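> any chance you could fold what I've pasted below:
(chains A, B and C, ligands or ions: 1)
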Amino acid sequence: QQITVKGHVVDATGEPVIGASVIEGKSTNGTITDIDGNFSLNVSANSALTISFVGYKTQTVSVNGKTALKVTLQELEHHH
Amino acid sequence: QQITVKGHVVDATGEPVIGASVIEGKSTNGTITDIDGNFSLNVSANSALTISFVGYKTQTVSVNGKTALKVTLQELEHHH
Amino acid sequence: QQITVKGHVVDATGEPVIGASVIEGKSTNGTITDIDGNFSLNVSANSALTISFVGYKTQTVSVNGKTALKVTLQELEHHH
Ligand code: NI
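Numbers count the residues shown, from 1 in each chain, chains lettered A, B, ... in the order given. You can find the structure just below:
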């Protein structure tokens, strides 16, 4: 009923994003990336992940039945 | 030439948002929500209100000739 | 192969924005506005400038072969 997605989150230069939130859709099922930018989450194969971290644009990525995902976060384009 | 709109502003859990700005369109006619999430503003019946508060997505809501309005603010999806 | 664009950056009231970033597209070719809101940048005539400054919405403006440009920045509509 789920698959286990193992993912890697980087910035545009390919450096790991450490501590990014990775949540299944808008549910309470979520995790954080580790010291290497890696996460593991059990999700529906047809779901989408929301990835966020301070200083970056939040992104929604479709799982598309993939057990391995790479997410490249882009920096925010404003500050206060 | 106006109506008086009495409104209630909440977050997604239904708790009042206290101190939110409620402005007629982009004009200088504005107020703030009280301790109970309530506001009163005199506006054109055909106008729209802009509702904002720190930490939430600004929203525009059509008055649609209504003298009683509920606004549900959603949290921002980034931070810095 | 380039033109020199001389530009003036203001807020909605017409006051200079001092220290705004002015970058050719998403490249490393960039400058900042001076004490009078003015910048000079050498760019492709067919390019676009990205103008940003704390507290304002980032804007992209086409050069359109113009050697003189005015940019009016609008304030951000949220804060944290
Ligand atoms: Ni922000």
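> packing partners of the lengthiest strand in chain A?
What stands out as the longest strand in chain A, according to DSSP state E, is strand A:3-10. Judged by 3 or more Cβ pairs under 8 Å, 6 or more residues apart in numbering or on different chains; DSSP states H and E, strand A:3-10 is in contact with strand A:38-43, strand A:48-52, strand A:68-72. (Each C-beta comes from the backbone N, C-alpha and C, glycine too.)
> of all the ones you listed, which lies closest to chain C?
strand A:48-52 (13.7 Å; Cβ to the nearest Cβ).
> the closest one vs strand A:38-43, what angle?
Interaxial angle of strand A:48-52 relative to strand A:38-43 (axes from the mean of the first three to the mean of the last three Cα atoms, to 10 degrees): 140 degrees.
> give me the spatial nearest neighbour of the closest residue to chain C within chain A, chain neighbours excluded.
Across chain A, the shortest distance to chain C (Cβ to the nearest Cβ) belongs to residue A:77, at 4.7 Å. Take residue A:77 and drop its neighbours on the chain: the residue closest to it by Cβ to Cβ, 6 or more residues apart in numbering or on different chains is residue C:58, 4.7 Å away.
> can you get me a residue count around whichever residue of chain A sits closest to chain B?
Closest residue of chain A to chain B, Cβ to the nearest Cβ: residue A:58 (4.7 Å). For residue A:58, the neighbour count with other Cβ atoms under 10 Å in any protein chain shown is 17.
> pretty sure it sits against residue A:74.
No - here residue A:58 does not reach residue A:74: they are 10.0 Å apart, not a contact under Cβ atoms under 8 Å.
> OK, contacts around the residue of chain A closest to chain C?
The neighbours of residue A:77, taking Cβ atoms under 8 Å, 6 or more residues apart in numbering or on different chains as the test, are A:57, C:52, C:58.
> quickly note the distance from it to residue C:60.
10 Å (Cβ to Cβ, to the nearest Å).
> what residues does chain A put near chain C?
Contacts of chain A with chain C, taken as Cβ under 8 Å from any Cβ of the partner chain, map to A:77, A:78, A:79, A:80.
> could these go into JSON lines alongside distance to residue A:9 and secondary structure?
Converted to JSON lines, the residues of chain A next to chain C look like this (distance: Cβ to Cβ, whole Å; DSSP: H, G, I helix; E, B strand; the rest coil):
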{"residue": "A:77", "distance to residue A:9": "19", "secondary structure": "coil"}
{"residue": "A:78", "distance to residue A:9": "22", "secondary structure": "coil"}
{"residue": "A:79", "distance to residue A:9": "21", "secondary structure": "coil"}
{"residue": "A:80", "distance to residue A:9": "24", "secondary structure": "coil"}
